[PDB]
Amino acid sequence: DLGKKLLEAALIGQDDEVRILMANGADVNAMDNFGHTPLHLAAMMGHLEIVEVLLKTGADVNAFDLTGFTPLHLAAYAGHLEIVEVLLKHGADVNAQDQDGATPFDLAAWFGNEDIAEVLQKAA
């Protein structure tokens, strides 16, 4: 059950375990019951090195979960500036919208992450 283990380690922040799992063939596209990939969870949590490992091993930077959120959405909601910058550098879509039209900029603005909102505005 490597996919579930990877989703768990990526949320908790177990860097060593994520690296072990990828080296042993874990699916970088593993999906939890909410449509999250590991990259969703690591980006939401602010786990920078895990985000880097997942992107290096093929994670879709622009994956949508079942509620229409991308990793960029979740990092912009949670307030992790360095995650947002890394995602943007890897081609994250600033114009990705959830099911009611909310962009990552919208979440950053509504949740008071002003530095991220400014970075997203300039990127747009």
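Start at 1 and count along the sequence shown; that's the residue number.
Colleague: Comparing average C-alpha B factors as deposited, tell me which of 52-60 and 29-37 sits higher.
Modeller: Mean CA B-factor is higher for 52-60.
Colleague: Decide which of the stretches 82-90 and 67-75 has the higher mean C-alpha B-factor, going by the entry.
Modeller: Taking the mean B-factor of the alpha carbons in each, 82-90 is higher.
Colleague: Splitting the chain's C-alpha B-factors into thirds, which one does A102 fall into?
Modeller: Highest third, going by the recorded CA B-factors of the chain.
Colleague: Which third, lowest, middle or highest, does the C-alpha temperature factor of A109 belong to within its own chain?
Modeller: According to the entry, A109 has a C-alpha B-factor in the chain's middle third.
Colleague: Can you work out whether the C-alpha temperature factor of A10 puts it in the lowest, middle or highest third of the chain?
Modeller: According to the entry, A10 has a C-alpha B-factor in the chain's lowest third.
Colleague: Could you look up the Cα B-factor of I116 in the entry and say which third of the chain it sits in: lowest, middle or highest?
Modeller: Middle third by C-alpha B-factor.
Colleague: Would you mind ranking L21 by its C-alpha B-factor against the rest of the chain and naming the third, lowest, middle or highest?
Modeller: Middle third of the chain for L21's C-alpha B-factor.
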